[PDB]
RNA sequence: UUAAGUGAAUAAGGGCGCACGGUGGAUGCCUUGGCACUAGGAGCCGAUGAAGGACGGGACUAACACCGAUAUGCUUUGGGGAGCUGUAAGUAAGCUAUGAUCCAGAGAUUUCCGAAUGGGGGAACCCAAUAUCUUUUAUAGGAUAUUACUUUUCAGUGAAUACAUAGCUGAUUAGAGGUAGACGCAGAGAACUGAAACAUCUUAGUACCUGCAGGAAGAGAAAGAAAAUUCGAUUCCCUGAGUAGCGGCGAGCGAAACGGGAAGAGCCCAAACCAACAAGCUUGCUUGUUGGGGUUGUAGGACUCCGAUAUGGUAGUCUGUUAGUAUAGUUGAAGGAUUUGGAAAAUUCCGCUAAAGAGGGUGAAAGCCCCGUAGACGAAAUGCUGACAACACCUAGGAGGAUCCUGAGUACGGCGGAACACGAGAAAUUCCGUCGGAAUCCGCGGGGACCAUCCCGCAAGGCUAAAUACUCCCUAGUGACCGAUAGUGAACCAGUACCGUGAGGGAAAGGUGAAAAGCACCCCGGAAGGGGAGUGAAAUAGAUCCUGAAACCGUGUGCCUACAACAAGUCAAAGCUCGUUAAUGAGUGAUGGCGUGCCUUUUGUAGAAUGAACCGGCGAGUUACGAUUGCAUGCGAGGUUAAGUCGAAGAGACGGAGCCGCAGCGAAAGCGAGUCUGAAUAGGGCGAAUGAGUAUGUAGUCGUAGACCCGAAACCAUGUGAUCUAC
RNA sequence: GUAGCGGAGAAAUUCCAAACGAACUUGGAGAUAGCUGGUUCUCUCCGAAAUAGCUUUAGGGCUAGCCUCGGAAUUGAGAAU
RNA sequence: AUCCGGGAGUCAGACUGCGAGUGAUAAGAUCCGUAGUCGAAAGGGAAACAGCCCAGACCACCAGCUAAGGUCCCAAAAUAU
RNA sequence: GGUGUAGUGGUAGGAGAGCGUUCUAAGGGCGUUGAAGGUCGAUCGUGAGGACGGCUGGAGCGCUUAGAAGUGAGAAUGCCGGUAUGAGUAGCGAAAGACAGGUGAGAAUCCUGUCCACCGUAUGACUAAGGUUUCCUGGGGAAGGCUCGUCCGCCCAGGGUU
RNA sequence: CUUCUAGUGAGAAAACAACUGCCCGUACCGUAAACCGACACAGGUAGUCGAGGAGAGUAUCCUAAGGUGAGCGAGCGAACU
RNA sequence: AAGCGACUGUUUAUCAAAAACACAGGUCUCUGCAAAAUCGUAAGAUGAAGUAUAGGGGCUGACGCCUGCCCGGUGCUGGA
RNA sequence: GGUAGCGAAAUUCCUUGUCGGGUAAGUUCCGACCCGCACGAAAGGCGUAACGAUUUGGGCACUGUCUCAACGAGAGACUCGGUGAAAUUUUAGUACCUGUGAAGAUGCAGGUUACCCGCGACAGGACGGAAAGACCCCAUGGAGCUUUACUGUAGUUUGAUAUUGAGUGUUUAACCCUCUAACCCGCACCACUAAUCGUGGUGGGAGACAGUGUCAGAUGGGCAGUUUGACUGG
RNA sequence: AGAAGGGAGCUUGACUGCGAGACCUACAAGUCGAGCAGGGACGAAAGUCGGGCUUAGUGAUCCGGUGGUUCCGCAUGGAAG
């Protein structure tokens, strides 16, 4: 009510005019008036305790393993960043669904080659979230990255 | 995230107005008039489902009295006579006989006359 | 034929159902404009004439945008490569491959008003003085410079009153006003409200007004915080803690230090003393001006004694050398046929591309058509930020303890007020007014009245980056934010039209189509309007133009109605008319039974108690932070991190200061499975005796906030009115 | 020319821009109102009170009494004859 | 029934038997005690009728038996003995 | 699952379980061989409500599971808009006209004439405020004018102040 | 405007001829349909001129110079105002 | 013929025009001039370019005849 | 402890007091009387020519004011053509009597009356329309006013102390004095100078007083903020 | 009327710390109490005595005064409090 650019004057009198008592041109029931209880700027985020974060990470990767949906590979090497060779590699292992590609480190040619494919997501081994693993159908992780994940989840 | 009140109220109100077809004037055309009238009709219909069962019983009873006074009896004596003989016809079938099969009605009236002759 | 009886049909107008129109602008879909933020730049303009305006400039010019008598534009350096002379049609004249138009950097021109500043004034007007130049034979006429006030420096002139100071003339130096409706520091300073009244108190040193700023301000280098074993300038955040306190001890107000972090930085004078100069020439060395020296509590300096005469730094400049960066741009992969359509990006086949599958456009939905995107490249000019060079500044030890220095109407005290969370209180500490008024290192201040002892510091002089606050504005983006009664008051020529003397108040109003192909020609008619014929996929898409709801107004028809007292229906029901989501079918209905609307407030309503003309849209228990209970999950005699750092405005790890629980009793000293009262081991009070918590999510209630929405009469503080009326 | 904590009044509480027991406009401001009005979908289970005490209290409130939901507990504690 | 806990609402009542006060042993009056109905209760009877008499509506039927109150016609049942 | 028995009026108010709207995510779908919206029907469920078919319409929208809310309207002498009733009703704002002839699509109302009537210390002439183009000439008739209009202090184009 | 001196201070009196003389307003209404009253509104609006007969007269009635017929009409000839 | 007010005047713009207000005349009191009184924080002003036959405040209200008793209380003035 | 004057009064309750006058008939009017509920001498007493859009009582003249109404003129109203609102409104196929009922019904019960649709007229009802009663009580609501209600305060006054100095005397420190240099001057003359402002200069007056600052006691509806209970056959 | 009524002797229990259990009751308050311990009065004893035949004779908290105290005391010892 008080933020709308408007009036502080009582528009008519309080009695006599055969009217209904009104207080301002900008009241909630007037056309063009102010809003009662709208949206305000808010936060929306909170934190769960630390043991259940770790329990959810372990549980989601262990579910991936319990159904032969994780696929380990020795290495992913590329002399140039080529999308076509990555697609051939992807069919070499018979992968036909949404896949999370978990890479190690400055393996930059592989991440470049795997971008831009509309079924493929790329994450490094220090930056896996719970929402990345649940949304994909499989995980394609390299041997190096697997030990690096075992080093931080401990 | 704002919610316009688009098409829900018109559907509900048009459902109400369709029940008011055949009413007089502004009682089948304006929503408030029709709303009140339809509520009153609901009340009347519930009341009249129970009053129906009384009306037909009085109708049957008066036709049976009319028929029995032609066979030398009245309604109350003939009902007593039929009970003392162990006959269990409805008042519905009795009236139906009274209008369609006068000979069957006379057979029954004679049985009643012999029962309370004791 | 005569008597007695029974009796349909016929609508001036009305009702119900159905069909088609008109008005009106709801609903759906859509966006040209908004709202809340993030990252980066920038944080002032102005007498060398501002912010904001008035009036003008076009071939035709009412308006808006641009520009200023050089007026829809002029020069110059770069970019770009075929059209162009804005909105804006319409025509007329032209320009451009000798490079237009357009884009970025630097220049030139810039009427009049306004601080407005030669004098005046009712803003955009009027009237001058003095020099130089012009028109005329000449006067009249035209142009250009200069001319306010104050301050602060220097000459001339100068006097009631002689010497000279007031004054006056001239030259020089700076101000002056606006704003970003924000953020900061000061001066002065309410009321409604809460206390269920009201004076102390609260609202609150809040709102309003006035001054001064800066890009940030303010504070800042211990006369400090503490209590043994200490630490070292200021600011900001977490925690301590709703604690210790204050309080008609009521309503209520409410700390700090320790502990954890962001950022870190220190410096310069006065005084003693020593020289150069001038006056008092005490020719004593008293007054002073310049330079040197000297900056502290472990006391430091002067002064005398010897060493050294080197070495560590800066918060400095419009000085050079490069490196980057903001302000234009360049280049940038890969598709055809088929079916349905007016038209494919859709469907079906068969291909290709990706360091590019972000987004927008194209006659419907496109990786491969266009603009782009990932990646690679670029600056003549001007402005910013680094680095390294110069130039400018600043900085030494050891000893002695004879004497000198270390901020005076000051610290402090009485009286009156205020500030500290602290309302005079037992009132320390810090300020203001008034009066009184120290000491000098054998000294002076503080540790919450006061004294003694011990401990920590050295006032009465100056300056200082960062870590923190804010966004009028420019660039690039983001959203389980709005979608034309919403979102800005304003999506559209809006602070406009309109209202008021004035201050001030203040709207309504988006949508043809893919493309104007926007209806040539004919007919009725003064025209408006209409009917053909044509455009078009569609005109019942024809400019009042997408969709086109309801109220309300008509036209046509199947059934009923002129002896009838009706909250308008409901149950029973002949006749007539139809024939459906196909089943115990649909519309109308003579005649018969029964029956006093809806909402609110009430002991109680049909109420002759209250509200509503009708239809459509809008229109009311929400969020933040705390406290408690139930449910749910993870750990379990334990549970859990806050600020902050790296990270995509995210998850996703560090961080153990802190918080709760694990032991109670007592006013406290204190004792402890017990303790307090008590002489008591008596009795009794409260506790123990296996006796579960903690973090987070979710829902129910409560507290502080406008706290479910609407509604006064009033109170206070700036401003606008004597064009009406009174003197 | 005189202006609102004010002016002017041959005095009526009279006038100060059609309103004066204290003008108009903007702000504090979403002032306060133990009072009045309103408060938007559905079905299933249960179901009150209009009393006592105290109240600057009497059309307001607080504690008890009377309703509803979840738990615990020995019983044979409740009721009617 | 009692005990612990979450959430309430109510604090204007009215008439009719019965028994008392105030009143005039007046009031559809007023104030207490005790029972019921209304409040928050539809259906039958009492012409019409909150509170009296009978009786407590989950729903369907063109089946049957009764309550209070009734049986010449309106209007169901005896012109009963 | 069967079968028995018992229950199922309700204001303030407590407790349970659901219907519908908009947006987010994931999955599986539809659409110019016609989405949303609108209109009609004699259809289904215990309720809020859900489908299917015709006509209209021209570009977007369902369903499942979970999440978040500006999430539901009949009432405030509510606010904005549109339209009724009263009703073809009150009124049409002091006063003298009549006829002939013109113009024109069209004339009680415009033009020209003739007679009649009204003011005349004004209803005549000039001027200061105030207004600001209303002044003159040629065209126009959609709105303004309380009827009409060929007319105008109205509308369009040109011109006038020495 | 007119005199009197003080006064920097060639020598100007008046004949004819011919030349020079700036800025702002100026239309139109104005006892009204053009101003103040929301209106083409029975109200308000400073000053000058303002004729004849009969009359003291600017009174009164009728007229001169000049202006005007007023922006809804045609019938009828009831109640009532 | 009688009441009220001597009289001309003024008043509630818009329900009251009067017996109400004013008035010429009466009386009490303050004021020695930088007067008392009033506007204003003050500076500055009115009073007044006045000076007790003048200026402020209260009551009564032409003119005629008149205007009794009380100083306990309260104000005012003087006292010591 | 109320005098002169006046008195049923613009004042007198009882009261239409009593008596005389005026009328055929007079609770009003005029004259008088005194038993003045509750006249009275500058909030003046009692007279009073002239005057008043004042208030009261009586006469003459005149009349449609009335007995008691009639006729006539014009404007609206009424019919036709043009134009074209409003307050109001839950939906309406909207009778009467006696009852019933939130205790005064078009709508409910029992009767009685009544074919359908309009025009010109009248106001009995729709507790008719317009104005959330101005009367009365409440809100621990306001606002204006008063005072010997509470608590403050502007203004006025009185003391101490600073500005503030010097000499004599009189008594128990205080007091009376005298001086001139501060401080004052809305006195005169002079200069800045076009000046009744201002500043300087010289006289004159007055003087440690006054004015001004801090503290203290009085007074203070001039002005301000508030308070002024409940029960109750209103 | 086995006195609680009325006389005579001695005395200070008109005591200190308490208290199982009941009554009343919304709260805060109010009322009765056998018995235990310390130390007593009266009586030879048994015993009775924590005022008066019983039931009225009273007023939360904040704030202040007087006396006691083996409590605290903002660096320490005191003091102020």
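Protein chains in written order, with the deposited numbering: chain E, 54 to 207; chain R, 2 to 119.
All C-beta atoms in this analysis are idealised placements derived from N, C-alpha and C, irrespective of residue type, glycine included.
Please report the residue range of the beta strand (DSSP E) in which residue 123(E) lies. 123 to 126
Residue interval of the alpha helix (DSSP H) (run including residue 95(R)): It spans 92 to 101 - the alpha helix (DSSP H) in which residue 95(R) sits, taken as one unbroken run.
Nearest-angstrom Cα separation, counted from residue 171(E) out to residue 151(E): 9 Å
Taking the beta strand (DSSP E) that residue 46(R) falls in, what are its first and last residues? From DSSP, residue 46(R) is part of no beta strand (DSSP E) but of the alpha helix (DSSP H) over 32 to 69.
Hey, quick one: how far does the alpha helix (DSSP H) through residue 191(E) stretch, first residue to last? Not the alpha helix (DSSP H): residue 191(E) falls in the beta strand (DSSP E), residues 191 to 195.
Using a Cβ-Cβ cutoff of less than 7 Å, which residues in the same chain neighbour residue 21(R) once the five nearest sequence positions on both sides are dropped? 28, 29, 35, 38 and 39
Boundaries of the beta strand (DSSP E) in which residue 156(E) is found, first to last residue: Counting along the chain, the beta strand (DSSP E) containing residue 156(E) begins and ends at 152 to 156.
Excluding sequence positions up to five away, which residues of its chain have a Cβ less than 6 Å from the Cβ of residue 113(R)? 79, 82 and 83
Reduced DSSP secondary structure (H/G/I, E/B, other) of residue 10(R): helix
Rounded C-alpha distance that separates residue 105(E) from residue 94(E): Residue 105(E) and residue 94(E): Cα-Cα distance of roughly 29 Å.
By the three-class DSSP mapping on this structure, what secondary structure does residue 147(E) have? Under the three-state reduction of DSSP, residue 147(E) is assigned to coil, being neither helix nor strand.
Let's test the definition: count the other Cβ atoms within 10 Å of the Cβ of residue 70(E) and tell me whether it reaches 16, buried, or not, exposed. exposed
Going by DSSP in three states, residue 205(E) sits in which element: helix, strand or coil? helix
Among 8(R), 6(R), 42(R) and 5(R), which residue has its Cα nearest to the Cα of residue 23(R)? Of 8(R), 6(R), 42(R) and 5(R), the residue nearest in Cα terms is 42(R).
May I ask which residues mark the beginning and end of the beta strand (DSSP E) holding residue 176(E)? 173 to 177
Any chance the stretch 112 to 123 of chain E sits against the stretch 186 to 202 of chain E, with 3 or more Cβ pairs inside 8 Å? yes
Helix or strand or just coil, what does DSSP make of residue 166(E)? Note: residue 166(E) maps to helix in three-state DSSP.
Residues in its own chain within less than 8 Å of residue 108(E) by CB, not counting five upstream and five downstream? none
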